[PDB]
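Given as structure tokens, the chain that follows is alone and in the form deposited in one PDB entry.
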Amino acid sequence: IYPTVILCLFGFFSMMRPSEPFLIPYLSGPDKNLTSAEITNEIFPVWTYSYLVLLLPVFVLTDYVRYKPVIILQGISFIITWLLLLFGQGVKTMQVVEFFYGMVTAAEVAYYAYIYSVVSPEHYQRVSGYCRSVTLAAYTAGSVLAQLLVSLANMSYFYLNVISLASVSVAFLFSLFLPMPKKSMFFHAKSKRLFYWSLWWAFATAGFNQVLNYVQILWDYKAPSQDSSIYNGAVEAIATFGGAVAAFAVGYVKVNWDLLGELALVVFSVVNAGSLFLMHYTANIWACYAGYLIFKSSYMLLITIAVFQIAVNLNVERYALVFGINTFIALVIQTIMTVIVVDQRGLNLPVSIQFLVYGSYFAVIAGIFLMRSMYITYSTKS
């Protein structure tokens, strides 16, 4: 009745942010005057470190304090992040906003744990799917709004950032009076083949997060971002719509998975690597846009399948206890690969080269997972 509507409106107004599609074009513009090397190699890598640091503390804080204060914390973190994007000028200030965005992403778990904590035991997946769909629709509508406003009204990215601050303010106001849960999930004390799909999910989502962290900066290299020649809002709206319809198509089609799940996963990883190589090698911005859509759709198929083979035979209380470990492994892998690749203390690689590395990473994951299926040679050779 009431708590679900409050959470739905909070999620919609939090996710609806026209600033995010045009972030690096706004950061690498006259408003901030930040070179691409600075954002690529000093500012953005801080997000992965902040998220990895804050994952587990936020994970236990959500459980301990009954999931509402962490939602208000995410709201005030949104407030601070977008206020400091609106009124911040400096590499250190942008590292701070990256830390606060990592805090936002870490605290996002509360928005979904509160759902299980407050809804009736009769069903959880229905309201969880509605909440996820409302967040996705909010993001898509925000991207389309940003694209339309930029294209028609000639409206600067400062005004879009203002709109995002207003939206997150309304979201925080809505999260102010969420009813309190009366129970926690595992505030008490705490198959082997699941290790396969856990590794699949961890590696694929580490690659996806690291790719998304720098897709826009790659778009910046092909065409002048500070000009109006870019189409980030429409492109990212189409990308998230394609990802959503792709994740739904996996449920629309009901095929056996215990037989060809690994084959589907390796095929999708191969397509991911191909899309990344298309992004890296091409010279046209539209080819990179199409590669982004293809990669997002293929990764969404891959992760929908991987989450199915983890969640079919898992308890609802163990869903969180397993996905927390899986995303911790994913963040460990992403932080290691970022320190080796992106961070200035490592190789200081421009985004014009990072995407070859990402495509090779996906290709190597697919190849090694196929090679682990080495039992083909032993049985066939008799």
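So that the term is clear: the rigid core is the largest set of C-alpha atoms that superpose within 1.5 Å between two forms. All residue numbers refer to positions in the sequence shown, first residue = 1.
Requested in this report: State whether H188, though modelled here, is left unmodelled in a third or more of the other entries compared.
Outcome: Yes, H188 lacks coordinates in at least a third of the other compared entries.
Query raised in the report: What number of residues from the deposited sequence go unmodelled in the gap from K190 to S191, classed as none, 1 to 3, 4 to 9, or 10 or more?
Result: 10 or more residues lack coordinates between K190 and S191.
There is another form of the same protein, the form deposited in another entry; it is not shown, and what comes next is about it.
Query raised in the report: Following superposition of the rigid core, which of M279, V168, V150, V104 is the only residue with a C-alpha displacement of 2 Å or more between this form and the one not shown?
Result: So the residue whose C-alpha moves 2 Å or more is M279.
Query raised in the report: Is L85 among the residues whose Cα moves by 2 Å or more between this form and the one not shown after superposition of the rigid core?
Result: The answer is no, as the C-alpha of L85 shifts between this form and the one not shown by less than 2 Å after core alignment.
Query raised in the report: Superposing on the rigid core, do we see a C-alpha displacement of 2 Å or more at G346 between this form and the one not shown?
Result: Passes the 2 Å threshold, so yes.
Query raised in the report: C-alpha of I71: shift of 2 angstroms or more between this form and the one not shown, rigid core aligned?
Result: The answer is no; the displacement is under 2 Å.
Report task. Can you tell whether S133 sits closer to or farther from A249 in that other deposited form than it does here, judged by CA atoms, where the change is 3 Å or more? Result -> The answer is closer, because the C-alphas of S133 and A249 approach each other in that other deposited form by 3 Å or more.
Query - Direction of Cα pair change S50-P350 in that other deposited form, magnitude 3 angstroms or more - result: Between the C-alphas of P350 and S50, the gap widens in that other deposited form (3 Å or more compared with this form).
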